[PDB]
Every structure is written in structure tokens, then in C-alpha cells.
Amino acid sequence: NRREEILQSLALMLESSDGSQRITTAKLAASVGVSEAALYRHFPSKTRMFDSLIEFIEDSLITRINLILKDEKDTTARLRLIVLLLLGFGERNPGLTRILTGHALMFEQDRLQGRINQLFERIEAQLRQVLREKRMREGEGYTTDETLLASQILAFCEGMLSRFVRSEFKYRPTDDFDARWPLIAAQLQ
Amino acid sequence: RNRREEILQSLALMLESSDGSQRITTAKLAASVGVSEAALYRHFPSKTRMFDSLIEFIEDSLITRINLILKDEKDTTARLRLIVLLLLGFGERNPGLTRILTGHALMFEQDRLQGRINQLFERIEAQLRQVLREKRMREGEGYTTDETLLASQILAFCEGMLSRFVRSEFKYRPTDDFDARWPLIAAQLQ
Amino acid sequence: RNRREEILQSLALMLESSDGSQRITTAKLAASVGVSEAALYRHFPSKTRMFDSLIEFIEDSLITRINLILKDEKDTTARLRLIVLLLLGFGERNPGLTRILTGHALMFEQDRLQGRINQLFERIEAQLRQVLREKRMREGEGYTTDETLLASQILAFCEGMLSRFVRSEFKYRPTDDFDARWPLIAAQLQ
Amino acid sequence: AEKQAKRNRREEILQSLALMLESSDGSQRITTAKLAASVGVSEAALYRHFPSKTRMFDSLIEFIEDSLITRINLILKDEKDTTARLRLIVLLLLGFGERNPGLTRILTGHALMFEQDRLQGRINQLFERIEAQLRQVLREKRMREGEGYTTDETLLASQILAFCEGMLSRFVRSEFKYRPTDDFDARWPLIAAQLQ
DNA sequence: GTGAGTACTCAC
DNA sequence: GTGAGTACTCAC
């Protein structure tokens with residue numbers, strides 16, 4: 001309830017220009033409209049607030065990705081949708097993107113960056129899974145190693161996302177995606 | 001100078017280590033160097049300008065080596081390959097400076113610094129973009145894809161490899177499997 | 001309230017003490033109040049603001065009592081007397097705050113505060129410079145010298161006493177021999 | 001020869017220390033670094049003319065110590081009329097303070113806030129001297145012109161010095177806006193009216 | 001509220 | 001160059 005309210009504020013601050021700098025328990029409480037003391041009746045620490053945010057991001061993505069796998073059977077189409085999804089989610093959630101790129105995690109304990117990594121390794125697995133199944137589904141797999149292909153695709157995504165945070169959200173990820181995808185598809189060999 | 005240059009290299013070494021995961025205090029810096037905090041401000045008006053110097057060293061190393069690549073190689077594709085290998089390579093042998101390049105190290109510091117890194121990336125991208133646009137005078141046939149899109153596509157992959165190199169605390173070497181990766185990127189040059 | 005005034009007062013206490021000759025560091029002030037420096041800014045943004053309030057409590061005490069004197073005494077000379085005694089008397093009862101009036105405590109702090117005190121003394125010299133001109137009203141006779149060049153003469157004396165008071169580590173109490181001094185002032189009320 | 005060159009760099013420092021105390025930056029601290037920059041040298045190459053920053057104000061006070069004590073021991077001899085003596089001792093303070101605004105910050109004690117308390121003590125002994133010397137001019141009136149003063153000579157001297165310290169204080173405070181030697185020809189009659 | 005901290009100053 | 005300051009921070 002209120003717990004949801006605090007986190008909702010932490011996102012807009014993470015999205016705002018202030019997301020560039022540190023986000024202290026003090027200004028957060030201010031953003032909310034409550035005291036720092038009450039803030040800690042909902043969380044044991046600031047790190048716990050990001051933990052909730054990382055779970056939201058992960059849940060959001062994994063759930064979306066799993067739907068993709070059920071709505072689309074074609075390997076290429078699955079990859080395209082997954083990519084368009086990571087870009088789309090980041091674009092719709094600039095504040096949370098700073099968490100995905102790791103910038104917002106610079107101030108908190110390094111354990112949080114460890115979780116986001118697992119998210120990435122989790123997503124990359126799914127990418128590697130989709131690639132691997134091109135064999136069973138289409139008869140012929142890829143000449144290139146799947147782990148290398150998955151990482152190649154994922155790298156482009158992180159590239160667009162960090163480029164998104166870096167330029168203060170001027171460089172929108174899904175910008176010219178339909179012109180960019182043919183480029184990415186040419187790597188699937 | 002004996003201290004000034006030395007200072008910036010202690011800065012990078014610290015950034016390269018686990019200390020680079022968090023704020024770099026004038027305290028630790030001066031201690032790492034072997035002097036007092038006041039000694040630091042004998043060569044720098046602010047810690048900000050210490051990062052400014054580090055960003056200028058990065059800006060030089062990259063632009064300089066790119067200009068050499070352009071003079072030592074005339075093939076459009078070979079240029080792109082070397083430029084990319086350069087960014088990845090530089091990032092790998094300078095983990096500390098990469099934290100600055102990926103913007104993570106600039107989070108504890110002044111906003112303006114991040115803007116500088118933006119100007120640098122736009123500089124490298126303008127170079128990539130120029131290289132691509134020269135393909136049609138040099139080879140008659142241009143690229144079907146918008147050069148501005150191709151350049152950003154290439155640089156996007158580079159930032160991706162650098163950013164991930166930082167995530168894994170430098171365990172994911174940016175140049176690992178480059179010769180295997182390049183053919184993939186080469187296929188994008190449509 | 002309790003912890004806000006508690007500080008503002010502990011400040012005046014340190015200003016009035018012999019340490020008032022030195023800079024009042026937030027470390028000293030805090031330790032004086034028996035708390036942490038972080039507790040200070042729990043009640044104040046900038047230490048400059050503490051002096052801002054202290055300078056207000058000085059302008060809200062003097063400017064007040066001045067108005068009264070003008071409303072509870074319609075004698076041109078009985079007005080100047082009460083006012084001079086007020087300045088001298090107030091400065092004496094508040095040695096620390098006097099250090100602000102003289103501008104010595106404001107040396108360590110922002111340049112603005114001095115300008116603010118400057119204004120206080122321009123208001124006091126204002127309600128001083130009119131009681132005078134009101135001689136050609138109630139008494140039908142004027143002053144040889146310009147009200148300007150004599151309201152300044154009177155205030156100069158007051159400032160002198162406060163400065164001596166501070167200068168002499170509060171030995172020269174501003175109101176010592178006042179009844180013997182006042183006639184000497186009146187002699188200038190030509 | 002060599003000592004004569006150890007004062008061309010030295011006093012050149014005081015010319016600046018004074019110049020700084022005088023400019024708009026007299027209302028804030030004067031550190032060793034920002035001074036060395038004005039002369040044109042380091043800080044280490046500074047303490048080879050002064051073993052401290054205190055010692056700079058010393059020799060700097062000595063100048064005002066001597067300027068007035070000299071200018072007063074002369075105003076006596078070359079004047080016999082009690083009043084005229086007082087009027088010119090008073091003006092000496094107001095003039096010398098307007099002639100050296102930077103040094104005035106020292107007289108008023110403001111510039112001294114950053115340095116050692118013992119500097120204020122010195123400036124104090126100076127005032128106690130200017131006053132005692134005012135006290136003599138008032139106590140000598142009897143032996144020279146029959147009758148002395150109604151009011152206590154001590155109270156009168158302090159009453160006169162108070163105005164001076166007041167004027168100088170206004171001077172320093174208003175950022176050297178109120179010139180002490182202003183309308184001194186019109187102010188005096190009022191001070192002398194206290195000479196009862 | 002607070003212990004440890006924070007980039008920067010200062011006179012020797 | 002430096003040891004001790006400086007006003008002000010921050011997560012808890």
C-alpha cells in the first residue's frame with residue numbers, strides 16, 4: 001500500500017534528472033510526503049527498496065518473454081519480439097533502465113548489481129534457448145555458436161539501453177527498430 | 001609531472017580495482033598516492049578536473065589511434081573492424097577508464113563530466129559515420145542502410161560490450177571471440 | 001522551539017564568551033549544545049542562517065523598542081536619550097550579539113550578513129534622523145547643524161561605545177557613566 | 001647592500017597586505033597563499049621575510065603605532081592652545097584612518113579577527129595611549145588657562161575617543177563609504193561643545 | 001537524532 | 001609538502 005507508494009516515487013526520481021545523482025532517504029521521504037523515520041517502517045534499508053524494483057523489472061520481463069514463446073513459433077520472430085521488448089520496457093521505464101544499466105546501483109551495495117546480472121544471464125539463456133531450437137523447428141540450426149549469438153544480440157540491447165541512460169533519454173531505444181532489425185537478423189547465421 | 005601524472009594513474013588503478021565500484025574519496029586517493037589531500041590540490045583545483053584529465057586522456061588515445069587506423073588502412077570494412085577492435089581493446093586494458101567511459105564512475109561526480117563522455121561518443125560515432133559514407137567514393141557502391149543508423153548500430157554493440165565488461169567486474173573480456181564476432185557485425189553493413 | 005532556540009542561544013553564549021573572538025565552528029557549536037553537528041542542520045539549513053535569525057532577533061528588539069520610545073515620549077531630547085540608552089543598554093545585556101553589531105562576528109561569515117547589519121544601523125539612524133527634524137514642529141526652533149550630520153554624530157558615539165565594549169573584552173560596559181555622558185551629548189544638540 | 005635588498009621584497013609584501021586589507025576583499029581573510037600570489041612568489045619563499053603572518057601585522061601596526069605617536073608628539077610642541085591640540089589629535093585619527101583604509105580594519109580590530117588575539121591587545125595599548133595623551137591635554141588646561149573642565153578629564157577623553165572609534169567603525173563597516181574626515185569642519189563644533 | 005564521512009582550506 | 005581543520009552530508 002504505502003510501501004507501493006514509496007517505490008512508485010523512487011521510480012519517478014530515478015527517471016527525473018535527479019536520477020543522474022544520488023537518491024538519499026531524505027529527499028525520497030520529501031518526494032513521498034512522509035518522514036524518513038516512517039520510510040524505515042516499510043524497509044529495513046535503502047537496498048531493500050531497489051530489491052523490490054529489481055523484482056518488478058525481472059517479473060515484468062520474464063513474464064512478457066514467456067508469453068512471446070507461446071504467441072510466436074518462428075525463431076526469428078521470437079528473437080525480434082524479445083529484443084523489441086527489452087528496448088520497449090527500457091523506453092517506457094527510464095528510471096528502471098538506470099537500474100538495468102547499473103548506474104542507479106552505484107550508490108547501493110554491490111549485491112544489487114549481482115541480481116541484475118542474474119536477470120541478464122537469465123534473459124540471455126532464453127535467447128540462447130530460442131536459438132538452440134531453430135534446429136528442431138526448422139531443421140537447420142546456426143553455423144555460429146548460440147552462446148555467441150545470444151550475447152551478440154544481448155550486447156546490442158545493453159548498448160541501446162546504456163546509450164539511453166547516457167543521453168538522458170534523448171536516444172530512445174525502439175527508435176528505428178524496424179530499420180535496425182534487418183541488421184540484427186543478418187547476424188543470425 | 002612526478003606527482004600530477006602519477007596522481008591520475010593512481011586514480012585509474014583505483015578505478016580499475018574494486019574501489020572503482022564506489023565513490024573515490026580524496027582521502028583514499030591521496031593515501032593510495034602516498035601524499036596528503038592538500039598535496040592533491042597542489043596539482044588540481046578539484047577532483048572534478050582530475051576526471052576531466054582522465055577523460056581527455058581517453059579522448060586522445062581513441063581519436064589518435066583511430067586517425068592512425070584511417071591512414072594505415074584504406075578498406076572501409078577493415079577500418080570499421082579495427083576501430084571496433086580498438087574500442088573493445090582499449091576498454092579491456094583500461095578497466096578503470098572504462099568505468100568512466102560506461103558512465104558508472106561519473107555517477108559520484110559532476111553531471112558535466114558525463115556530458116563530455118557524450119561528446120566523445122558522438123566524436124567516435126561521427127568518425128564511424130564518416131568512414132561508412134566514404135565507401136561509395138572509394139568503392140563506388142554505398143550502403144543501403146542509412147549511415148547514421150549503421151554507425152549507431154556499430155557503436156551500440158561497442159557500448160554494450162563495455163557496459164557488460166563492467167557489470168561482470170571485468171570478467172567478460174570485450175575482445176574475447178572478436179574474430180568470431182566480427183563476421184556477425186560485418187553482415188550488418190548492408 | 002526547544003532545540004531551535006536552545007542552539008541560537010548557545011550561539012550567543014559562545015559569541016559573548018572569549019571564544020567569540022574566534023570563528024564559531026559547527027564542531028564547537030554542536031559540542032557546546034551537547035549534540036552532533038548533524039542535529040544542527042536538523043534545525044538549520046546553513047550556519048549562515050543561524051546568524052540570519054540572530055540578526056533578526058537584534059532588529060526585532062531594537063526597531064521595536066525604538067517605535068515605542070517615539071510613541072511614549074514626545075520630547076525631542078528625551079527621545080534621543082532613551083534611544084542612546086537603549087542601544088548602549090542592549091549591547092551591554094547582550095555582549096555576544098554586540099559582536100554582530102560591531103561586525104566582528106560577521107568577519108568569519110558571509111559578506112551579506114554585514115550588509116544586513118548595515119541596514120539595521122541605517123534604520124536606527126533613520127528614526128534617529130527624524131526625531132530631530134521634528135524640532136521645528138513642537139519647539140518652533142531648529143538645529144544649526146544638518147540633521148544628517150548629527151544623527152550620524154550620535155550614532156557614531158554609540159558605535160564607538162559598542163566597539164570599545166567588544167575591543168576591551170567587555171570591560172568598558174557601554175552604559176557606565178551614562179548619566180554623566182548624556183549631558184555631553186546634549187551639548188551637541190545645537 | 002644585501003640587507004637593503006631584504007626589505008625591497010619584504011616591505012613590498014606589506015604594501016600588498018595593506019593594499020588587500022584596503023580593497024573590497026578586506027572584509028574576508030587574508031591567507032598566505034593568496035598573498036604570495038600578489039607579491040609574485042611562493043609561501044615558503046615568504047617565511048624568509050616573516051617567521052609568520054602575525055609578525056606581518058606587527059610591523060604593520062608599528063607603522064600606525066609610530067605614525068600617530070609621532071604626529072601627536074609634534075602637534076603638542078607646535079601648538080599651545082588646549083582645544084586646538086584636541087581638534088588636531090582628533091583629526092589625526094580621522095585623517096590617518098581615511099588615508100589608510102586597509103590599516104583601519106586593523107584599528108577597528110576586524111582584520112585582526114583571523115590572526116592572534118595578542119594583536120588586538122597591542123591595538124588596545126595604542127588606544128589607551130592616544131586616550132591618556134588626550135587626557136593630558138585636558139588636564140593641562142588648568143595650568144595654562146586658569147580653569148579646567150567641569151566634567152572628569154577621564155570621561156571627556158573617552159567621550160572623544162569613542163566618537164573616533166565610532167567614525168572609523170562606520171568607515172570600515174560601510175565598506176569605506178563613510179569618509180571620517182568628511183564634514184569634520186562642521187562636526188568639530190559639536191565635539192568641542194562637549195568640552196565643558 | 002548520529003558516526004563516519006565528504007571535497008576542499010590553511011598557515012607553517 | 002602537511003596535520004588539523006571547515007561547513008555540510010548521509011543511511012539509518
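Reminder, nothing fancy here: chain letters follow the sequence lines and each chain counts from 1. Any value given below was found using the heavy atoms of this structure, including those in side chains, with hydrogens, waters and symmetry copies removed.
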(request) Would you mind telling me which residue lines up with the more 5' stretch of DNA chain E, C/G34 or B/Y41, judged by nearest nucleotide? (result) C/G34
(message) On DNA chain E, compare the nucleotides closest to D/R29 and B/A27; which residue's is nearer the 5' end?
(response) B/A27
(message) If you assign each of A/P44 and B/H43 to its closest nucleotide in DNA chain F, which residue comes earlier from the 5' end?
(response) B/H43
(request) Please figure out whether A/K46 or B/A39 has its closest DNA chain F nucleotide nearer the 5' end. (result) B/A39
[X] has an atom [atom1]; how far is it from atom [atom2] of [N], in whole Å?
| X | N | atom1 | atom2 | answer |
| --- | --- | --- | --- | --- |
| B/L113 | E/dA7 | CG | P | 14 Å |
| B/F108 | F/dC10 | CZ | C1' | 14 Å |
| C/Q22 | F/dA4 | CD | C1' | 15 Å |
| B/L29 | F/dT2 | CG | P | 13 Å |
| B/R42 | F/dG3 | CZ | P | 14 Å |
| B/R4 | F/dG1 | CZ | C1' | 16 Å |
| D/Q116 | E/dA11 | CD | P | 12 Å |
| C/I24 | F/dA7 | CD1 | P | 10 Å |

(request) Supply the atom-to-atom distance A/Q113 CD to B/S21 OG, rounded to the nearest 0.5 angstrom. (result) 8.5 Å
(request) Rounded to the nearest 0.5 Å, what's the gap from CZ on A/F43 to OG1 on A/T25? Could you check? (result) 13.0 Å
(request) Identify which one of B/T48, B/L54, B/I55 satisfies the side chain to side chain contact (heavy atoms under 4.5 Å, CB included) criterion when paired with B/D52. (result) B/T48
(request) May I ask you to check whether A/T101 and A/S162 show a side-chain donor-acceptor distance below 3.5 Å? (result) no
(message) Less than 3.5 Å apart, any donor N or O on the side chain of D/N100 or D/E22 sitting next to an acceptor on the other?
(response) no
Contact class for [X] (heavy atom, under 4.0 Å): base, sugar-phosphate, or nothing?
| X | answer |
| --- | --- |
| D/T31 | sugar-phosphate |
| C/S46 | sugar-phosphate |
| D/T32 | base |

(message) Quick check on F/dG5: from the sign of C1'-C2'-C3'-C4', north or south pucker?
(response) south
